[PDB]
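Quick notes on the structure that follows.
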Amino acid sequence: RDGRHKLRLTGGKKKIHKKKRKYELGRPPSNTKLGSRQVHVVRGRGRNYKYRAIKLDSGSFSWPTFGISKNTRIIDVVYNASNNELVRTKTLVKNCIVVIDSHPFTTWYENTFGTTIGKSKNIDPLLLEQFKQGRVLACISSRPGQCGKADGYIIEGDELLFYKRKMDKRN
Amino acid sequence: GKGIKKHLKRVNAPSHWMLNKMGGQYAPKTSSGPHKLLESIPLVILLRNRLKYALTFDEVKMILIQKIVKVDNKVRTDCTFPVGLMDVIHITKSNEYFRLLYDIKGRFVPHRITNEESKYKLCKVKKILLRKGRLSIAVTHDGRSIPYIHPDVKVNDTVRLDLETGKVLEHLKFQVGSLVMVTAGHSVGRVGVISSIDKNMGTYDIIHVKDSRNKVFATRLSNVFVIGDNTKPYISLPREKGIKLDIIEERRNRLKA
Amino acid sequence: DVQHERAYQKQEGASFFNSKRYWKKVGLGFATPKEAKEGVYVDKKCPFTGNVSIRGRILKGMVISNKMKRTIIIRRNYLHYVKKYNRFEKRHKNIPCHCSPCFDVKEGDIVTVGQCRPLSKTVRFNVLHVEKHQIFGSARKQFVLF
RNA sequence: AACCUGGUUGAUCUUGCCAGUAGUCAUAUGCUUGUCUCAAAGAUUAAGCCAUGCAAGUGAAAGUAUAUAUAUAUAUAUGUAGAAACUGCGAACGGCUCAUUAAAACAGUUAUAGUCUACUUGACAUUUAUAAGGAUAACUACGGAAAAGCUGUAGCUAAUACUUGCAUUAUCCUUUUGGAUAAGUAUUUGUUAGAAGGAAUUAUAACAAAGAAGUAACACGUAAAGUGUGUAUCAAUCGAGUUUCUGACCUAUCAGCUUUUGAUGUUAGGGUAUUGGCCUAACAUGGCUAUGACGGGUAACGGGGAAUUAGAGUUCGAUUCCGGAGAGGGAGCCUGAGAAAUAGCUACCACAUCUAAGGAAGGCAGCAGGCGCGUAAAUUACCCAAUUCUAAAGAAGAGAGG
RNA sequence: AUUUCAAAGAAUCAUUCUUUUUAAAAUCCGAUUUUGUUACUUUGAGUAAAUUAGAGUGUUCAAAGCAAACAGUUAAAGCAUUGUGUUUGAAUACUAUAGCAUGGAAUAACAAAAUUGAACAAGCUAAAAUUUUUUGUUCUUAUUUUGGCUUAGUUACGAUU
RNA sequence: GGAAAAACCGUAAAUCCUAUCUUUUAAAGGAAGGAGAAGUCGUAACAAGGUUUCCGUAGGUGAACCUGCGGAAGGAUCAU
RNA sequence: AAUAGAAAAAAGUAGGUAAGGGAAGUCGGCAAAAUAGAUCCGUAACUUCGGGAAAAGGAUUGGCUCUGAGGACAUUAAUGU
């Protein structure tokens with residue numbers, strides 16, 4: 001649990017008195033999964049309410065190229081840059097790489113240009129590959145265990161290339 | 001547990017309470033809000049220990065249940081309400097108005113104010129904040145919010161403030177020639193015209209202060225309350241006007257009654 | 001330059017759809033080094049390009065160890081007054097400091113560190129200025145006016 | 001008040017001790033005590049044990065009364081009280097002890113741009129309506145248990161308990177007019193723009209998405225138009241958590257410690273009220289050490305201070321204030337803004353009470369008083385008049401306090 | 001050991017304290033005002049009361065305490081134009097040995113340190129800015145100015161015993 | 001919507017087996033130190049104390065001690 | 001293998017197995033049983049300092065589905081086989 005009882009700056013074993021106080025925590029990990037949404041409200045100090053996501057499914061995913069976000073179903077959890085546990089169990093955190101359906105974005109692009117606000121340098125080939133299979137890699141941008149949501153951004157360009165390579169062929 | 005310590009003991013009280021060693025074991029602890037506890041006096045001390053209009057705290061309670069007493073020209077419902085660094089007590093039945101100031105001895109005195117100056121007070125801003133909709137708000141020493149405050153007013157400026165409508169009348173810009181009153185320094189409870197205002201990056205700020213007797217002394221910028229212009233004090237300062245007397249002068253005067 | 005870590009290099013507040021790096025004033029008469037202004041470097045514990053607050057006390061010390069990843073140990077040397085004999089004695093104290101990718105600090109360099117935001121268990125301070133200095137005596141034994 | 005005598009010898013000067021001598025808000029004790037003022041008083045020894053009693057409750061303009069009482073006008077109308085009970089709020093303080101603790105706790109000094117904040121104070125809100133939805137206590141009855149602050153049915157019925165839910169402002173065109181267009185406070189994400197601060201990834205402004213919660217279905221009453229209670233966000237305030245620097249008694253017959261069990265760093269997350277190895281994974285191989293680390297001792301809570309002080313000092317600091325620690329031993333929760341509470345709860349161990357022999361309940365280091373320990377320490381007194389505290393805050397409570 | 005000695009005046013009691021001025025560099029209207037760091041020291045700021053020193057104050061004195069005092073047989077007086085007591089007092093300082101600001105000419109430390117360094121004038125050159133310049137989301141070229149870099153000269157040029 | 005009951009991590013009291021350290025405390029016998037009485041035995045030291053003293057050291061010895069080796073005078077010689 | 005068959009008790013011999021206690025057994029724990037492999041921890045008195053030592057005393061160990069570590073070649077640091 002929280003606070004005092006860890007080793008001294010000298011490396012010494014510090015003797016402890018002053019018993020554990022209420023303001024000293026150690027509280028359970030989030031373990032939000034892939035499945036029809038479930039969240040439990042948690043009561044923090046001062047009656048500050050937090051949301052502990054146990055299942056998730058549709059987050060709000062942001063299309064970097066036009067800087068816009070829409071609420072969208074997540075197809076799967078696919079890669080984790082840390083441990084092997086999270087990705088195998090399909091349990092998702094703000095590090096995690098998920099896959100989203102591209103239809104909101106595909107629709108928006110159709111609305112703007114007329115085939116698949118205002119002009120930019122438009123779609124990238126890596127983004128185009130993800131859109132083409134209908135199923136798009138995205139990075140979660142919010143903390144499900146604190147906020148109840150796993151809202152995200154479609155993973156882009158150099159970050160996409162690096163992780164795509166890192167994810168792979170060997171697999 | 002280890003929560004909010006409610007009571008206040010006798011010599012736990014600030015110095016200028018003057019609640020002596022005899023005659024009690026406790027002091028009153030102020031209600032929250034208008035000014036800081038350490039920068040306040042309650043009504044009990046003023047009515048009983050200063051004015052001497054009550055024998056006991058119970059006689060103060062008897063005064064307070066009756067609705068003739070007003071602070072900020074508004075009725076207040078408890079003895080432990082704080083009268084701050086500066087504010088106005090109005091006693092309806094006697095028709096008396098007092099404004100609270102620090103004395104040269106470093107303790108709070110209620111100084112008699114008349115009807116004409118009673119309708120306003122002069123209020124130092126502690127903060128000026130920008131709130132949503134591009135809307136300014138000032139925050140005063142006496143705990144008032146002023147929305148729509150004039151944008152060239154700044155965070156150490158004082159402001160003349162109506163007490164019925166709550167509107168600001170004028171403002172007094174903090175400068176090197178400003179008449180200043182010391183809140184709580186070693187120079188506590190005294191007034192001067194400022195020799196220099198001295199600003200230094202990421203640290204406490206100094207002001208050099210020049211006396212009516214044309215002597216010089218230092219004071220911290222944080223505890224200095226702007227009070228007039230080199231023309232005049234804007235409010236009515238006490239009858240002895242913040243003047244320094246030496247120890248030798250005071251005893252020589254003391255004998256020379 | 002080359003990548004070699006398993007984390008994407010965000011450098012937060014950079015921005016990417018506005019037309020064409022991040023660093024701040026740092027204040028107190030101090031300023032960003034040339035390697036901060038023009039360098040490619042990414043960190044989050046760097047004072048120049050991180051979100052770490054350059055708050056609190058600013059002291060000078062002497063670097064004694066330089067071999068942790070972007071992290072330095074500085075000794076603050078002093079004379080402690082003994083009232084009984086009305087005399088002084090030599091005393092010293094070790095302060096763990098973040099080093100920045102800006103500064104390639106070496107043994108016996110003087111460093112000006114700040115209090116900042118506590119980073120972790122031991123490490124709590126950060127270098128703001130490297131004043132280059134040379135002493136050929138071994139660092140553990142060295143006394144300086146810092 | 002900056003101060004000394006007697007004692008080595010047959011006699012002597014010297015070294016050197018012993019002895020006297022004075023003080024001690026420092027304890028015990030012997031003898032003696034006509035007064036008066038003043039008044040420390042079960043720390044040292046067992047943070048050992050406790051018989052009996054008592055120590056926190058709260059209703060006078062302002063939630064709820066067909067128990068009932070009552071004043072006018074006449075078994076009806078008004079009304080006014082009201083035992084009682086739901087409800088609300090407090091009991092997180094104050095009192096007690098100093099066992100544990102030796103860079104922790106404590107003291108000054110930062111920082112919190114890493115945060116939370118009830119009462120109190122001031123700002124002040126955004127995507128069926130002449131009044132909605134039931135359900136529950138007291139209460140009525142039958143009951144059950146040796147005991148206990150045990151409680152079971154069924155019919156009820158309220159609430160400011162619980163649950164629903166009823167424009168307007170700004171931008172563009174037009175004359176202080178008429179049309180058109182927009183409209184979520186916290187909180188979170190992605191995209192930019194960028195009043196203040198030494199420093200901003202801050203105030204703030206816009207865009208695209210999500211998004212709590214909400215904005216009174218409540219009570220009094222100002223000429224011989226006023227108020228209370230409730231409410232989101234913001235600030236203030238009463239505070240609180242963390243966090244910087246600097247400061248320790250004795251001990252080396254304690255010299256190398258720390259690191260698979262996070263030690264030290266980096267990265268990523270989770271967790272938290274927030275920073276943080278706080279916790280998990282992955283990756284580094286560090287970090288601390290004669291200035292005495294790491295152990296061990298202390299009849300060691302820390303400070304303001306107390307005793308003696310010519311000047312240094314030396315000894316001492318349970319013991320009226322401030323801060324910490326603890327509530328039989330350990331441990332864990334709940335409730336709530338605030339407690340890891342302790343006259344809150346749960347469990348284990350150490351104790352232990354009533355038992356109807358099934359079972360059930362208990363915690364004085366609160367105030368008395370008792371036992372045991374001892375060299376050593378007072379009354380189960382009376383009172384809230386003052387001092388203050390808590391409430392629905394005058395009018396009542398309080399072994400706090402006197 | 002070593003690095004800026006001094007001089008003259010004025011005030012004042014043979015004395016004492018003080019002021020003026022005596023190289024160089026930068027800046028402002030030929031005159032005007034700035035110039036290592038730290039220790040040390042001075043002032044300060046901000047700083048719990050109790051205690052403590054200590055003032056005021058005859059508790060019956062003193063230990064104490066934080067009070068009191070004055071006149072009136074109920075008015076003289078003050079101030080309101082029959083109304084209304086008054087003067088007051090409850091100081092000052094110690095309050096780490098550290099941190100913060102702050103004046104400092106001595107004393108200490110430290111700092112750069114010719115097996116070569118830096119002060120200027122000259123010429124070439126790439127960076128940024130100025131001036132130029134048509135067409136109501138936005139577009140060519142050009143002179144010039146400022147800082148950075150390469151190269152011949154020129155300073156009282158550059159090392160204590 | 002929802003009580004009991006179970007299961008899983010995560011806290012984690014307590015019990016028991018050791019392991020190490022702390023503290024007193026037992027124990028036959030061994031081997032010490034001091035105090036007391038004119039006890040037994042020598043005659044060791046003090047004077048050249050009747051073999052100069054003392055040091056270091058080793059060996060002997062019932063001892064006090066003796067002897068060797070090399071020092072010093074704190075020698076009974078500071079003198080051809 | 002210097003024999004077969006049938007029956008199946010004693011007894012023998014080579015084996016097993018046994019409640020509750022656990023050396024009370026006897027010349028002596030003889031016999032028998034318990035221990036036991038690896039990997040990870042931890043390891044004393046004492047010592048000729050080499051040892052003691054595998055001391056003592058603990059823990060773990062199947063099956064499956066994953067993750068990481070450890071090569072070889074050739075295209076200018078990355079990409080291939």
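By convention in this document, the chains of the structure tokens carry letters A, B, ... by their order, each chain's residues are numbered from 1, and ligands are numbered from 1 in the order they are shown.
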Exercise. List every residue of range 5-89 of chain A that DSSP, applied to the backbone of this structure, places in helix (DSSP H, G or I), and write the result as a ChimeraX atom specification.
Key: /A:45-47,84-88
Quiz item: So which bits of chain A end up strand (DSSP E) when you DSSP the backbone, as a VMD selection string?
Solution: chain A and resid 33 to 34 38 to 44 48 to 56 58 to 63 68 to 79 97 to 101 135 to 140 152 to 154
Practice problem: Within 10 Å of chain B, which residues of chain C are there when counting only C-alpha atoms? Please give them as a ChimeraX atom specification. | Solution: /C:27-29,55-57
Excluding residue 355 in chain D and its own-chain neighbours fewer than 2 positions away, which residues fall within 8 Å of it when counting only C-alpha atoms (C1' of nucleotides)? Please give them as a PDB file with N, CA and C atoms (P, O5', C5', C4', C3', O3' and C1' of nucleotides), in the first residue's frame.
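What ended up in selection04.pdb:
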```pdb
ATOM      1  P     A D 146     -36.773 -17.634  27.250  1.00  0.00           P
ATOM      2  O5'   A D 146     -36.529 -16.339  28.121  1.00  0.00           O
ATOM      3  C5'   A D 146     -36.920 -16.227  29.502  1.00  0.00           C
ATOM      4  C4'   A D 146     -35.722 -16.110  30.466  1.00  0.00           C
ATOM      5  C3'   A D 146     -34.923 -14.811  30.375  1.00  0.00           C
ATOM      6  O3'   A D 146     -35.603 -13.734  31.062  1.00  0.00           O
ATOM      7  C1'   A D 146     -33.435 -16.641  30.509  1.00  0.00           C
ATOM      8  P     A D 147     -35.691 -12.339  30.293  1.00  0.00           P
ATOM      9  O5'   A D 147     -34.168 -11.898  30.153  1.00  0.00           O
ATOM     10  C5'   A D 147     -33.372 -11.601  31.326  1.00  0.00           C
ATOM     11  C4'   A D 147     -31.880 -11.381  30.992  1.00  0.00           C
ATOM     12  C3'   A D 147     -31.619 -10.251  29.980  1.00  0.00           C
ATOM     13  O3'   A D 147     -31.476  -9.005  30.690  1.00  0.00           O
ATOM     14  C1'   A D 147     -30.530 -12.220  29.264  1.00  0.00           C
ATOM     15  P     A D 357     -31.037 -23.644  28.427  1.00  0.00           P
ATOM     16  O5'   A D 357     -29.493 -24.045  28.591  1.00  0.00           O
ATOM     17  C5'   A D 357     -28.568 -23.522  27.610  1.00  0.00           C
ATOM     18  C4'   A D 357     -27.103 -23.930  27.848  1.00  0.00           C
ATOM     19  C3'   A D 357     -26.840 -25.448  28.113  1.00  0.00           C
ATOM     20  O3'   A D 357     -25.679 -26.018  27.478  1.00  0.00           O
ATOM     21  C1'   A D 357     -25.806 -24.181  29.721  1.00  0.00           C
ATOM     22  P     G D 359     -25.191 -22.455  20.794  1.00  0.00           P
ATOM     23  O5'   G D 359     -25.793 -21.157  20.095  1.00  0.00           O
ATOM     24  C5'   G D 359     -25.331 -19.828  20.425  1.00  0.00           C
ATOM     25  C4'   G D 359     -26.386 -19.044  21.239  1.00  0.00           C
ATOM     26  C3'   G D 359     -26.017 -17.568  21.426  1.00  0.00           C
ATOM     27  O3'   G D 359     -26.387 -16.800  20.266  1.00  0.00           O
ATOM     28  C1'   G D 359     -26.577 -18.431  23.508  1.00  0.00           C
ATOM     29  P     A D 360     -25.343 -15.731  19.754  1.00  0.00           P
ATOM     30  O5'   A D 360     -25.329 -14.665  20.923  1.00  0.00           O
ATOM     31  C5'   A D 360     -26.519 -13.855  21.105  1.00  0.00           C
ATOM     32  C4'   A D 360     -26.445 -13.025  22.389  1.00  0.00           C
ATOM     33  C3'   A D 360     -25.333 -11.971  22.525  1.00  0.00           C
ATOM     34  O3'   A D 360     -25.638 -10.769  21.789  1.00  0.00           O
ATOM     35  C1'   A D 360     -25.428 -13.206  24.476  1.00  0.00           C
TER      36        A D 360
END
```
Select from chain B every residue with an atom at most 12 Å from any atom of chain A, then for each give the shortest pair of atoms and their distance in Å to one decimal, using only C-alpha atoms, rows by chain and rising number, as CSV.
```
residue,atom,partner,partner_atom,distance
B:1,CA,A:21,CA,9.4
B:2,CA,A:21,CA,9.3
B:3,CA,A:22,CA,11.4
```
Can I get the selection written as a compact mmCIF listing (two decimals), in the first residue's frame, with C-alpha atoms?
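So the final result, stored in part.txt, reads:
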```txt
# COMPACT_ATOMS: atom_id res chain seq x y z
CA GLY B 1 -8.87 11.45 14.53
CA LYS B 2 -6.79 14.24 12.98
CA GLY B 3 -9.35 16.73 11.61
```
Self-check item: Close residues, residue 370 in chain D itself excluded, 12 Å, only C-alpha atoms (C1' of nucleotides), min 2 positions apart in chain, as an NGL selection string
Solution: :D and (49-52 or 364 or 368 or 372 or 380)
Quiz prompt | Counting only C-alpha atoms (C1' of nucleotides), the residue of D:25, D:340, D:352, D:139 that sits nearest chain A | solution = D:340
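Between residue 244 in chain B and the candidates B:190, B:220, B:107, B:210, the tightest atom-to-atom separation, counting only C-alpha atoms, involves B:190.
In terms of minimum interatomic distance to residue 67 in chain C, D:285 ranks closest within D:285, D:107, D:80, D:225, counting only C-alpha atoms (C1' of nucleotides).
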Exercise. Please identify all polymer residues within 12 Å of residue 19 in chain F, counting only C-alpha atoms (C1' of nucleotides), omitting same-chain residues fewer than 3 positions from it, and present them as a VMD selection string.
Key: chain G and resid 42 to 44 56 to 58
Practice problem: Please provide as number ranges by chain all residues within 10 Å of residue 89 in chain C, with the sequence filter that same-chain residues fewer than 2 positions apart are discarded (counting only C-alpha atoms (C1' of nucleotides)). | Solution: C: 78-82, 87, 91; D: 291
Quiz item: Would you list which chain D residues are within 10 Å of chain B using only C-alpha atoms (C1' of nucleotides), as a ChimeraX atom specification?
Solution: /D:92-94,119-123,195-199,203-205,234-240,320-322,338-342,386-389,393-394,401-402
